[PDB]
Structure formats: structure tokens, C-alpha cells
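As provided, my_file-v2.txt (compact mmCIF, N, CA, C and O atoms) reads as follows.
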```
# COMPACT_ATOMS: atom_id res chain seq x y z
N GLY M 227 -27.31 122.86 77.87
CA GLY M 227 -26.78 121.91 78.88
C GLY M 227 -27.18 120.49 78.57
O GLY M 227 -26.60 119.88 77.67
N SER M 228 -28.18 119.98 79.32
CA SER M 228 -28.80 118.65 79.13
C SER M 228 -27.82 117.49 79.47
O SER M 228 -26.73 117.72 80.03
N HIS M 229 -28.23 116.26 79.17
CA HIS M 229 -27.49 115.05 79.56
C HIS M 229 -26.49 114.65 78.48
O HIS M 229 -26.87 114.37 77.35
N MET M 230 -25.20 114.64 78.83
CA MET M 230 -24.16 114.21 77.90
C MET M 230 -23.35 113.06 78.49
O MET M 230 -22.36 113.29 79.20
N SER M 231 -23.84 111.83 78.24
CA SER M 231 -23.18 110.55 78.61
C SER M 231 -23.17 110.29 80.14
O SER M 231 -23.66 111.09 80.94
N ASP M 232 -22.64 109.12 80.52
CA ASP M 232 -22.49 108.75 81.94
C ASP M 232 -21.04 108.98 82.41
O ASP M 232 -20.66 108.61 83.53
N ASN M 233 -20.25 109.61 81.54
CA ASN M 233 -18.84 109.93 81.81
C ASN M 233 -18.72 111.25 82.58
O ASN M 233 -19.04 112.31 82.05
N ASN M 234 -18.32 111.17 83.85
CA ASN M 234 -17.93 112.38 84.56
C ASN M 234 -16.42 112.61 84.43
O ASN M 234 -15.61 111.94 85.06
N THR M 235 -16.06 113.56 83.57
CA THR M 235 -14.70 114.12 83.50
C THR M 235 -14.81 115.62 83.18
O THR M 235 -15.71 116.00 82.42
N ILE M 236 -13.94 116.47 83.74
CA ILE M 236 -13.78 117.82 83.20
C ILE M 236 -12.33 118.03 82.75
O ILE M 236 -11.40 117.54 83.40
N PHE M 237 -12.16 118.74 81.64
CA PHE M 237 -10.84 119.04 81.09
C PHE M 237 -10.47 120.45 81.49
O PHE M 237 -11.26 121.37 81.34
N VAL M 238 -9.28 120.61 82.03
CA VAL M 238 -8.83 121.90 82.49
C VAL M 238 -7.51 122.26 81.79
O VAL M 238 -6.65 121.41 81.58
N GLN M 239 -7.37 123.54 81.46
CA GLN M 239 -6.23 124.04 80.72
C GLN M 239 -5.60 125.20 81.45
O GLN M 239 -6.28 125.92 82.18
N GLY M 240 -4.29 125.35 81.26
CA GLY M 240 -3.56 126.46 81.83
C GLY M 240 -3.01 126.16 83.21
O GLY M 240 -2.60 127.07 83.93
N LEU M 241 -3.00 124.88 83.58
CA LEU M 241 -2.45 124.48 84.86
C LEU M 241 -1.08 123.86 84.61
O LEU M 241 -0.91 122.64 84.65
N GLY M 242 -0.10 124.71 84.33
CA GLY M 242 1.20 124.23 83.92
C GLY M 242 2.35 125.00 84.53
O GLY M 242 2.92 124.56 85.54
N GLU M 243 2.69 126.13 83.92
CA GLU M 243 3.89 126.87 84.31
C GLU M 243 3.69 127.64 85.62
O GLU M 243 2.87 128.56 85.71
N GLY M 244 4.40 127.20 86.66
CA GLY M 244 4.29 127.82 87.97
C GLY M 244 3.17 127.21 88.79
O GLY M 244 2.66 127.84 89.72
N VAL M 245 2.77 125.99 88.42
CA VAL M 245 1.62 125.34 89.00
C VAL M 245 2.00 124.73 90.34
O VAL M 245 3.17 124.41 90.59
N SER M 246 1.04 124.63 91.23
CA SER M 246 1.24 123.91 92.47
C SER M 246 0.80 122.44 92.27
O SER M 246 0.21 122.09 91.24
N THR M 247 1.10 121.60 93.27
CA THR M 247 0.94 120.13 93.30
C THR M 247 -0.53 119.64 93.16
O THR M 247 -1.40 120.39 92.72
N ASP M 248 -0.76 118.34 93.44
CA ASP M 248 -2.11 117.67 93.51
C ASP M 248 -3.21 118.47 94.27
O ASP M 248 -4.38 118.11 94.21
N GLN M 249 -2.79 119.50 95.00
CA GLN M 249 -3.63 120.54 95.61
C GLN M 249 -4.72 121.11 94.65
O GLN M 249 -5.65 121.74 95.13
N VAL M 250 -4.54 120.99 93.31
CA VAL M 250 -5.53 121.48 92.33
C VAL M 250 -6.90 120.81 92.60
O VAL M 250 -7.93 121.42 92.38
N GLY M 251 -6.90 119.56 93.09
CA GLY M 251 -8.14 118.87 93.46
C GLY M 251 -8.89 119.57 94.60
O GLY M 251 -10.12 119.54 94.64
N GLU M 252 -8.13 120.20 95.52
CA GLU M 252 -8.69 120.96 96.65
C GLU M 252 -9.29 122.30 96.15
O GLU M 252 -10.28 122.81 96.70
N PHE M 253 -8.66 122.84 95.10
CA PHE M 253 -9.16 124.02 94.35
C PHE M 253 -10.57 123.76 93.81
O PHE M 253 -11.44 124.62 93.91
N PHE M 254 -10.79 122.58 93.25
CA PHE M 254 -12.10 122.20 92.74
C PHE M 254 -13.06 121.78 93.87
O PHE M 254 -14.27 121.88 93.72
N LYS M 255 -12.49 121.33 95.01
CA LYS M 255 -13.26 120.98 96.23
C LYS M 255 -13.92 122.22 96.86
O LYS M 255 -14.91 122.10 97.60
N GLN M 256 -13.40 123.43 96.56
CA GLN M 256 -14.01 124.67 97.05
C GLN M 256 -15.45 124.85 96.49
O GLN M 256 -16.28 125.51 97.12
N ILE M 257 -15.73 124.25 95.32
CA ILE M 257 -17.10 124.14 94.82
C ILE M 257 -17.42 122.65 94.56
O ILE M 257 -17.44 122.22 93.40
N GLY M 258 -17.56 121.85 95.61
CA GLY M 258 -18.06 120.50 95.41
C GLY M 258 -17.46 119.47 96.34
O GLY M 258 -16.70 119.79 97.25
N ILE M 259 -17.85 118.22 96.11
CA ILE M 259 -17.29 117.06 96.81
C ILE M 259 -16.37 116.27 95.88
O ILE M 259 -16.66 116.13 94.69
N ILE M 260 -15.23 115.80 96.42
CA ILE M 260 -14.30 114.94 95.69
C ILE M 260 -14.95 113.59 95.40
O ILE M 260 -15.30 112.83 96.31
N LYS M 261 -15.13 113.30 94.11
CA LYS M 261 -15.74 112.05 93.69
C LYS M 261 -14.68 111.00 93.36
O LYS M 261 -13.66 111.29 92.74
N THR M 262 -14.95 109.79 93.81
CA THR M 262 -14.24 108.62 93.36
C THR M 262 -14.90 108.11 92.07
O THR M 262 -16.09 107.77 92.07
N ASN M 263 -14.14 108.11 90.98
CA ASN M 263 -14.65 107.72 89.66
C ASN M 263 -14.80 106.20 89.58
O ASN M 263 -13.98 105.47 90.11
N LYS M 264 -15.90 105.73 88.99
CA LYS M 264 -16.20 104.29 88.95
C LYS M 264 -15.43 103.55 87.85
O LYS M 264 -15.44 102.32 87.83
N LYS M 265 -14.77 104.29 86.96
CA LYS M 265 -14.07 103.69 85.82
C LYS M 265 -12.83 102.88 86.26
O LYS M 265 -12.57 101.80 85.72
N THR M 266 -12.06 103.40 87.21
CA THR M 266 -10.93 102.68 87.77
C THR M 266 -11.04 102.57 89.31
O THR M 266 -10.41 101.71 89.92
N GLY M 267 -11.87 103.44 89.90
CA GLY M 267 -12.07 103.44 91.35
C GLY M 267 -11.09 104.33 92.10
O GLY M 267 -10.92 104.19 93.31
N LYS M 268 -10.42 105.24 91.37
CA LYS M 268 -9.48 106.19 91.97
C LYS M 268 -10.13 107.57 92.21
O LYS M 268 -11.10 107.92 91.53
N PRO M 269 -9.63 108.34 93.21
CA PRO M 269 -10.01 109.76 93.42
C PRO M 269 -9.52 110.67 92.29
O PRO M 269 -8.57 110.32 91.57
N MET M 270 -10.19 111.82 92.10
CA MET M 270 -9.88 112.70 90.97
C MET M 270 -8.55 113.46 91.14
O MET M 270 -8.46 114.49 91.80
N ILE M 271 -7.52 112.91 90.49
CA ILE M 271 -6.25 113.60 90.21
C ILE M 271 -5.78 113.11 88.83
O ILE M 271 -5.47 111.92 88.70
N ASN M 272 -5.75 113.95 87.81
CA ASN M 272 -4.97 113.64 86.61
C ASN M 272 -4.07 114.82 86.26
O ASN M 272 -4.58 115.89 85.95
N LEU M 273 -2.76 114.63 86.31
CA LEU M 273 -1.82 115.71 85.99
C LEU M 273 -1.02 115.36 84.73
O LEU M 273 -0.19 114.45 84.74
N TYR M 274 -1.28 116.09 83.65
CA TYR M 274 -0.57 115.87 82.38
C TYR M 274 0.49 116.94 82.18
O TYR M 274 0.18 118.14 81.95
N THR M 275 1.75 116.48 82.25
CA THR M 275 2.93 117.33 82.12
C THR M 275 4.03 116.58 81.36
O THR M 275 4.46 115.51 81.80
N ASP M 276 4.49 117.10 80.22
CA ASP M 276 5.57 116.44 79.49
C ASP M 276 6.96 116.91 79.97
O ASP M 276 7.35 118.07 79.83
N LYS M 277 7.67 115.99 80.58
CA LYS M 277 9.04 116.21 81.06
C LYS M 277 10.07 115.98 79.94
O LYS M 277 11.26 116.24 80.13
N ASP M 278 9.59 115.48 78.79
CA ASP M 278 10.44 115.25 77.61
C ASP M 278 10.89 116.57 76.97
O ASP M 278 11.95 116.63 76.36
N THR M 279 10.06 117.61 77.11
CA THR M 279 10.48 118.97 76.76
C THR M 279 11.08 119.65 77.99
O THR M 279 11.96 120.52 77.87
N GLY M 280 10.60 119.24 79.17
CA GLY M 280 11.14 119.72 80.43
C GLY M 280 10.21 120.68 81.13
O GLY M 280 10.32 120.91 82.34
N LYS M 281 9.28 121.25 80.37
CA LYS M 281 8.30 122.18 80.90
C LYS M 281 6.90 121.57 80.83
O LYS M 281 6.59 120.89 79.86
N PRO M 282 6.05 121.81 81.86
CA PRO M 282 4.69 121.25 81.93
C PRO M 282 3.77 121.62 80.76
O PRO M 282 3.78 122.76 80.28
N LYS M 283 2.98 120.63 80.33
CA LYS M 283 2.01 120.77 79.24
C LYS M 283 0.90 121.76 79.59
O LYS M 283 0.42 122.51 78.72
N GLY M 284 0.50 121.76 80.85
CA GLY M 284 -0.55 122.64 81.31
C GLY M 284 -1.90 121.99 81.29
O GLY M 284 -2.92 122.69 81.24
N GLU M 285 -1.95 120.66 81.35
CA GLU M 285 -3.23 119.98 81.22
C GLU M 285 -3.51 119.17 82.48
O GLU M 285 -2.60 118.61 83.08
N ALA M 286 -4.77 119.17 82.89
CA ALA M 286 -5.21 118.36 84.03
C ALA M 286 -6.69 118.02 83.87
O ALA M 286 -7.44 118.83 83.35
N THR M 287 -7.10 116.83 84.29
CA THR M 287 -8.53 116.50 84.30
C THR M 287 -8.94 116.00 85.68
O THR M 287 -8.16 115.28 86.34
N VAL M 288 -10.12 116.40 86.15
CA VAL M 288 -10.64 115.95 87.45
C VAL M 288 -12.14 115.54 87.32
O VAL M 288 -12.87 116.07 86.49
N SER M 289 -12.54 114.54 88.11
CA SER M 289 -13.89 113.96 88.05
C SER M 289 -14.83 114.52 89.14
O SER M 289 -14.63 114.27 90.33
N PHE M 290 -15.87 115.26 88.74
CA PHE M 290 -16.90 115.75 89.67
C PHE M 290 -18.02 114.73 89.87
O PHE M 290 -18.17 113.80 89.06
N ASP M 291 -18.81 114.90 90.95
CA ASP M 291 -19.86 113.95 91.31
C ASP M 291 -21.09 114.13 90.42
O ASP M 291 -21.61 113.15 89.88
N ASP M 292 -21.54 115.38 90.25
CA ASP M 292 -22.68 115.65 89.39
C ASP M 292 -22.20 116.08 88.00
O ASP M 292 -21.28 116.91 87.88
N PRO M 293 -22.83 115.54 86.92
CA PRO M 293 -22.64 116.06 85.56
C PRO M 293 -23.15 117.51 85.30
O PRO M 293 -22.46 118.24 84.59
N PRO M 294 -24.35 118.00 85.81
CA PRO M 294 -24.78 119.40 85.59
C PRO M 294 -23.87 120.44 86.26
O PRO M 294 -23.74 121.56 85.76
N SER M 295 -23.25 120.06 87.39
CA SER M 295 -22.31 120.90 88.13
C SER M 295 -21.04 121.23 87.32
O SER M 295 -20.41 122.27 87.54
N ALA M 296 -20.68 120.33 86.39
CA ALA M 296 -19.56 120.52 85.47
C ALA M 296 -19.80 121.69 84.51
O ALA M 296 -18.91 122.53 84.31
N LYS M 297 -21.02 121.76 83.95
CA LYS M 297 -21.43 122.83 83.03
C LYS M 297 -21.49 124.19 83.75
O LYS M 297 -21.05 125.23 83.21
N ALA M 298 -22.02 124.17 84.98
CA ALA M 298 -22.14 125.37 85.80
C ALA M 298 -20.77 125.93 86.20
O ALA M 298 -20.60 127.15 86.28
N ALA M 299 -19.79 125.04 86.38
CA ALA M 299 -18.41 125.43 86.67
C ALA M 299 -17.73 126.06 85.46
O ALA M 299 -16.86 126.90 85.62
N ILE M 300 -18.13 125.66 84.26
CA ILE M 300 -17.65 126.32 83.03
C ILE M 300 -18.19 127.78 82.96
O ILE M 300 -17.49 128.67 82.47
N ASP M 301 -19.41 128.02 83.47
CA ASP M 301 -19.99 129.38 83.41
C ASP M 301 -19.41 130.36 84.46
O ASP M 301 -18.86 131.40 84.08
N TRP M 302 -19.53 130.07 85.77
CA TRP M 302 -19.00 130.98 86.80
C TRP M 302 -17.55 130.72 87.26
O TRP M 302 -16.83 131.67 87.58
N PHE M 303 -17.13 129.45 87.30
CA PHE M 303 -15.86 129.05 87.93
C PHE M 303 -14.69 129.17 86.92
O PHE M 303 -13.52 129.19 87.30
N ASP M 304 -15.05 129.28 85.65
CA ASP M 304 -14.10 129.51 84.57
C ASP M 304 -14.32 130.93 84.01
O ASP M 304 -15.26 131.62 84.42
N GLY M 305 -13.48 131.36 83.06
CA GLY M 305 -13.58 132.72 82.54
C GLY M 305 -12.63 133.69 83.23
O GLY M 305 -12.78 134.91 83.11
N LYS M 306 -11.67 133.14 83.96
CA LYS M 306 -10.69 133.93 84.70
C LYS M 306 -9.28 133.35 84.44
O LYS M 306 -9.03 132.76 83.39
N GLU M 307 -8.35 133.56 85.38
CA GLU M 307 -7.03 132.95 85.29
C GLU M 307 -6.63 132.28 86.61
O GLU M 307 -7.05 132.69 87.70
N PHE M 308 -5.83 131.24 86.48
CA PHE M 308 -5.27 130.49 87.60
C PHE M 308 -3.76 130.70 87.61
O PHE M 308 -3.07 130.32 86.66
N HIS M 309 -3.27 131.37 88.68
CA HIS M 309 -1.84 131.71 88.89
C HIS M 309 -1.30 132.69 87.82
O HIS M 309 -0.10 132.71 87.55
N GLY M 310 -2.19 133.53 87.27
CA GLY M 310 -1.79 134.48 86.24
C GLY M 310 -1.85 133.92 84.83
O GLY M 310 -1.60 134.66 83.87
N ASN M 311 -2.19 132.64 84.69
CA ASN M 311 -2.24 131.97 83.40
C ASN M 311 -3.68 131.58 83.10
O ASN M 311 -4.41 131.15 84.01
N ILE M 312 -4.10 131.69 81.84
CA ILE M 312 -5.51 131.56 81.45
C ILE M 312 -6.01 130.11 81.61
O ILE M 312 -5.37 129.16 81.15
N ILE M 313 -7.16 129.96 82.27
CA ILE M 313 -7.72 128.66 82.59
C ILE M 313 -8.96 128.40 81.72
O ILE M 313 -9.68 129.35 81.38
N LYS M 314 -9.14 127.15 81.28
CA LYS M 314 -10.35 126.77 80.55
C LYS M 314 -10.89 125.42 81.02
O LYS M 314 -10.15 124.44 81.08
N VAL M 315 -12.18 125.39 81.34
CA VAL M 315 -12.86 124.17 81.77
C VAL M 315 -13.80 123.66 80.66
O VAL M 315 -14.50 124.45 80.02
N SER M 316 -13.74 122.35 80.40
CA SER M 316 -14.56 121.68 79.39
C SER M 316 -15.11 120.37 79.96
O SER M 316 -14.77 119.98 81.06
N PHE M 317 -15.98 119.73 79.19
CA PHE M 317 -16.53 118.41 79.54
C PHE M 317 -15.60 117.24 79.15
O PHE M 317 -15.98 116.08 79.36
N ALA M 318 -14.43 117.55 78.57
CA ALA M 318 -13.38 116.56 78.21
C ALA M 318 -13.86 115.55 77.14
O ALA M 318 -14.78 115.83 76.37
N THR M 319 -13.20 114.40 77.08
CA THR M 319 -13.57 113.33 76.16
C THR M 319 -14.30 112.22 76.92
O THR M 319 -13.99 111.95 78.08
N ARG M 320 -15.27 111.58 76.26
CA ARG M 320 -16.00 110.46 76.85
C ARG M 320 -15.33 109.13 76.48
O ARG M 320 -14.41 109.13 75.67
N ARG M 321 -15.83 108.03 77.08
CA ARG M 321 -15.34 106.65 76.85
C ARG M 321 -13.89 106.47 77.34
O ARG M 321 -12.94 106.66 76.59
N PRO M 322 -13.71 106.12 78.64
CA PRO M 322 -12.37 105.89 79.21
C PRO M 322 -11.77 104.54 78.78
O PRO M 322 -12.26 103.47 79.15
N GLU M 323 -10.72 104.62 77.97
CA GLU M 323 -10.05 103.44 77.45
C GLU M 323 -8.67 103.28 78.07
O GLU M 323 -7.76 104.04 77.67
```
What is this structure when it is put down as C-alpha cells?
Amino acid sequence: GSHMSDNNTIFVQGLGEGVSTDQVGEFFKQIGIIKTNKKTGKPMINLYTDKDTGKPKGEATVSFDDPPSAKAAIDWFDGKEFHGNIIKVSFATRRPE
């Protein structure tokens, strides 16, 4: 585990085909508090879906309040499926540009 940067982001996979709306943030609220990220000052919603192919990419990132809670969510809160499609949680990429 340990300390990995001052960047709070988690990367989530498999949130695409048959997915529900911005409600995914409430899914993560079932284990935690919704954090306002200091990088832009917005609440945690990032929905990545390419409409250029017409079907969703399946990618989303959300910002948690504690960094150790992100690692713990990879252990118990991941390892299953969301809506029948395989989900994966990561620490994402650091340095918001």
C-alpha cells in the first residue's frame, strides 16, 4: 500500500454497455463520502464513452477523500462484476493536466 502521491483518483473499468447514469458516484458513496477534488474544484463524476463508434468505452474515474481507502476498495469492493460486466478498480494516473 503506502503513500502514492497527493493525487486522489481511482480508475474504474467495465462501466459501459448497459450502464446507468451519473448514479455510479452514488455506487461509490455506499462505501465513503463524495469528495470535491481540489484540482478543478468539481465533485467526482468522470464518464468516458466514445460516441464516435456509438458504443460506450466502459471507462470512468471518481475521486475519493482518503488515499488508503482507494487501495482497500481494490481489495474488497472490486473482484466482482457491475451489471454482469467485469469491473476493475485502480489508482489511475497521477498529475492532472
CA of residue 314 in chain M to CA of residue 264 in chain M, distance in Å rounded to a single decimal = 24.7 Å
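Within range 260-316 of chain M, residues classed as helix (DSSP H, G or I) by DSSP on backbone coordinates are residues 294, 295, 296, 297, 298, 299, 300, 301, 302 and 303 of chain M.
For the residues M:255, M:233, M:269, M:239, ranking by smallest atom-to-atom distance to residue 319 in chain M using all atoms listed in the file places M:233 first.
Distance annotation: of M:321, M:297, M:302, M:266, the residue with the minimal separation from residue 228 in chain M is M:297; atom set is all atoms listed in the file.
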Compile the contact shell of residue 271 in chain M as a ChimeraX atom specification: residues with an atom at most 8 Å away, counting all atoms listed in the file, same-chain residues fewer than 4 positions apart removed.
-> /M:248,250-251,261,286-289
Judged by only C-alpha atoms, the minimum distance to residue 306 in chain M among M:282, M:234, M:270, M:240 is found for M:240
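All residues within chain M that the backbone DSSP calculation assigns to strand (DSSP E or B) are residues 236, 237, 238, 239, 262, 269, 272, 273, 274, 285, 286, 287, 288, 307, 308, 311, 312, 314, 315 and 316 of chain M.
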Can I get the selection written as a PDB file, in the frame of the given file, with N, CA, C and O atoms?
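Output below, filename part-v2.pdb:
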```pdb
ATOM      1  N   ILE M 236     -13.940 116.470  83.740  1.00  0.00           N
ATOM      2  CA  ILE M 236     -13.780 117.820  83.200  1.00  0.00           C
ATOM      3  C   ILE M 236     -12.330 118.030  82.750  1.00  0.00           C
ATOM      4  O   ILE M 236     -11.400 117.540  83.400  1.00  0.00           O
ATOM      5  N   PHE M 237     -12.160 118.740  81.640  1.00  0.00           N
ATOM      6  CA  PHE M 237     -10.840 119.040  81.090  1.00  0.00           C
ATOM      7  C   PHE M 237     -10.470 120.450  81.490  1.00  0.00           C
ATOM      8  O   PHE M 237     -11.260 121.370  81.340  1.00  0.00           O
ATOM      9  N   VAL M 238      -9.280 120.610  82.030  1.00  0.00           N
ATOM     10  CA  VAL M 238      -8.830 121.900  82.490  1.00  0.00           C
ATOM     11  C   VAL M 238      -7.510 122.260  81.790  1.00  0.00           C
ATOM     12  O   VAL M 238      -6.650 121.410  81.580  1.00  0.00           O
ATOM     13  N   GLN M 239      -7.370 123.540  81.460  1.00  0.00           N
ATOM     14  CA  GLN M 239      -6.230 124.040  80.720  1.00  0.00           C
ATOM     15  C   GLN M 239      -5.600 125.200  81.450  1.00  0.00           C
ATOM     16  O   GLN M 239      -6.280 125.920  82.180  1.00  0.00           O
ATOM     17  N   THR M 262     -14.950 109.790  93.810  1.00  0.00           N
ATOM     18  CA  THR M 262     -14.240 108.620  93.360  1.00  0.00           C
ATOM     19  C   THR M 262     -14.900 108.110  92.070  1.00  0.00           C
ATOM     20  O   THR M 262     -16.090 107.770  92.070  1.00  0.00           O
ATOM     21  N   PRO M 269      -9.630 108.340  93.210  1.00  0.00           N
ATOM     22  CA  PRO M 269     -10.010 109.760  93.420  1.00  0.00           C
ATOM     23  C   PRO M 269      -9.520 110.670  92.290  1.00  0.00           C
ATOM     24  O   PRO M 269      -8.570 110.320  91.570  1.00  0.00           O
ATOM     25  N   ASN M 272      -5.750 113.950  87.810  1.00  0.00           N
ATOM     26  CA  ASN M 272      -4.970 113.640  86.610  1.00  0.00           C
ATOM     27  C   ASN M 272      -4.070 114.820  86.260  1.00  0.00           C
ATOM     28  O   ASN M 272      -4.580 115.890  85.950  1.00  0.00           O
ATOM     29  N   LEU M 273      -2.760 114.630  86.310  1.00  0.00           N
ATOM     30  CA  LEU M 273      -1.820 115.710  85.990  1.00  0.00           C
ATOM     31  C   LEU M 273      -1.020 115.360  84.730  1.00  0.00           C
ATOM     32  O   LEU M 273      -0.190 114.450  84.740  1.00  0.00           O
ATOM     33  N   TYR M 274      -1.280 116.090  83.650  1.00  0.00           N
ATOM     34  CA  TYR M 274      -0.570 115.870  82.380  1.00  0.00           C
ATOM     35  C   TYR M 274       0.490 116.940  82.180  1.00  0.00           C
ATOM     36  O   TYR M 274       0.180 118.140  81.950  1.00  0.00           O
ATOM     37  N   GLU M 285      -1.950 120.660  81.350  1.00  0.00           N
ATOM     38  CA  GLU M 285      -3.230 119.980  81.220  1.00  0.00           C
ATOM     39  C   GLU M 285      -3.510 119.170  82.480  1.00  0.00           C
ATOM     40  O   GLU M 285      -2.600 118.610  83.080  1.00  0.00           O
ATOM     41  N   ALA M 286      -4.770 119.170  82.890  1.00  0.00           N
ATOM     42  CA  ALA M 286      -5.210 118.360  84.030  1.00  0.00           C
ATOM     43  C   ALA M 286      -6.690 118.020  83.870  1.00  0.00           C
ATOM     44  O   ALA M 286      -7.440 118.830  83.350  1.00  0.00           O
ATOM     45  N   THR M 287      -7.100 116.830  84.290  1.00  0.00           N
ATOM     46  CA  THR M 287      -8.530 116.500  84.300  1.00  0.00           C
ATOM     47  C   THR M 287      -8.940 116.000  85.680  1.00  0.00           C
ATOM     48  O   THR M 287      -8.160 115.280  86.340  1.00  0.00           O
ATOM     49  N   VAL M 288     -10.120 116.400  86.150  1.00  0.00           N
ATOM     50  CA  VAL M 288     -10.640 115.950  87.450  1.00  0.00           C
ATOM     51  C   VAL M 288     -12.140 115.540  87.320  1.00  0.00           C
ATOM     52  O   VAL M 288     -12.870 116.070  86.490  1.00  0.00           O
ATOM     53  N   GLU M 307      -8.350 133.560  85.380  1.00  0.00           N
ATOM     54  CA  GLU M 307      -7.030 132.950  85.290  1.00  0.00           C
ATOM     55  C   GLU M 307      -6.630 132.280  86.610  1.00  0.00           C
ATOM     56  O   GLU M 307      -7.050 132.690  87.700  1.00  0.00           O
ATOM     57  N   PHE M 308      -5.830 131.240  86.480  1.00  0.00           N
ATOM     58  CA  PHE M 308      -5.270 130.490  87.600  1.00  0.00           C
ATOM     59  C   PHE M 308      -3.760 130.700  87.610  1.00  0.00           C
ATOM     60  O   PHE M 308      -3.070 130.320  86.660  1.00  0.00           O
ATOM     61  N   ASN M 311      -2.190 132.640  84.690  1.00  0.00           N
ATOM     62  CA  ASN M 311      -2.240 131.970  83.400  1.00  0.00           C
ATOM     63  C   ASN M 311      -3.680 131.580  83.100  1.00  0.00           C
ATOM     64  O   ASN M 311      -4.410 131.150  84.010  1.00  0.00           O
ATOM     65  N   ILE M 312      -4.100 131.690  81.840  1.00  0.00           N
ATOM     66  CA  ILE M 312      -5.510 131.560  81.450  1.00  0.00           C
ATOM     67  C   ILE M 312      -6.010 130.110  81.610  1.00  0.00           C
ATOM     68  O   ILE M 312      -5.370 129.160  81.150  1.00  0.00           O
ATOM     69  N   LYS M 314      -9.140 127.150  81.280  1.00  0.00           N
ATOM     70  CA  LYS M 314     -10.350 126.770  80.550  1.00  0.00           C
ATOM     71  C   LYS M 314     -10.890 125.420  81.020  1.00  0.00           C
ATOM     72  O   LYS M 314     -10.150 124.440  81.080  1.00  0.00           O
ATOM     73  N   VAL M 315     -12.180 125.390  81.340  1.00  0.00           N
ATOM     74  CA  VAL M 315     -12.860 124.170  81.770  1.00  0.00           C
ATOM     75  C   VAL M 315     -13.800 123.660  80.660  1.00  0.00           C
ATOM     76  O   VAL M 315     -14.500 124.450  80.020  1.00  0.00           O
ATOM     77  N   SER M 316     -13.740 122.350  80.400  1.00  0.00           N
ATOM     78  CA  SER M 316     -14.560 121.680  79.390  1.00  0.00           C
ATOM     79  C   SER M 316     -15.110 120.370  79.960  1.00  0.00           C
ATOM     80  O   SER M 316     -14.770 119.980  81.060  1.00  0.00           O
TER      81      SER M 316
END
```
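Nearest-residue note for residue 316 in chain M: choosing from M:241, M:260, M:298, M:236, the minimum distance belongs to M:236, counting all atoms listed in the file.
Nearest-residue note for residue 299 in chain M: choosing from M:257, M:312, M:247, M:230, the minimum distance belongs to M:257, counting only N, CA, C and O atoms.
With atom C of residue 263 in chain M on one side and atom N of residue 235 in chain M on the other, the separation reads 9.6 Å.
For the pair CA of residue 246 in chain M and CA of residue 293 in chain M, the interatomic distance is 26.1 Å.
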Option closest in space to residue 262 in chain M, from M:303, M:318, M:290, M:323 [counting only C-alpha atoms] | M:290
Would you be able to write out as a short mmCIF file (atom, residue, chain, number, x, y, z; two decimals) with N, CA, C and O atoms, in the frame of the given file which residues have an atom within 5 Å of (-2.1, 118.8, 82.1) in the file's coordinates, counting all atoms listed in the file?
```
data_model
loop_
_atom_site.label_atom_id
_atom_site.label_comp_id
_atom_site.auth_asym_id
_atom_site.auth_seq_id
_atom_site.Cartn_x
_atom_site.Cartn_y
_atom_site.Cartn_z
N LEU M 241 -3.00 124.88 83.58
CA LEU M 241 -2.45 124.48 84.86
C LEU M 241 -1.08 123.86 84.61
O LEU M 241 -0.91 122.64 84.65
N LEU M 273 -2.76 114.63 86.31
CA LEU M 273 -1.82 115.71 85.99
C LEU M 273 -1.02 115.36 84.73
O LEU M 273 -0.19 114.45 84.74
N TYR M 274 -1.28 116.09 83.65
CA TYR M 274 -0.57 115.87 82.38
C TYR M 274 0.49 116.94 82.18
O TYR M 274 0.18 118.14 81.95
N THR M 275 1.75 116.48 82.25
CA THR M 275 2.93 117.33 82.12
C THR M 275 4.03 116.58 81.36
O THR M 275 4.46 115.51 81.80
N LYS M 283 2.98 120.63 80.33
CA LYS M 283 2.01 120.77 79.24
C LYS M 283 0.90 121.76 79.59
O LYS M 283 0.42 122.51 78.72
N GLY M 284 0.50 121.76 80.85
CA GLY M 284 -0.55 122.64 81.31
C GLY M 284 -1.90 121.99 81.29
O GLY M 284 -2.92 122.69 81.24
N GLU M 285 -1.95 120.66 81.35
CA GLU M 285 -3.23 119.98 81.22
C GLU M 285 -3.51 119.17 82.48
O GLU M 285 -2.60 118.61 83.08
N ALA M 286 -4.77 119.17 82.89
CA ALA M 286 -5.21 118.36 84.03
C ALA M 286 -6.69 118.02 83.87
O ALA M 286 -7.44 118.83 83.35
#
```
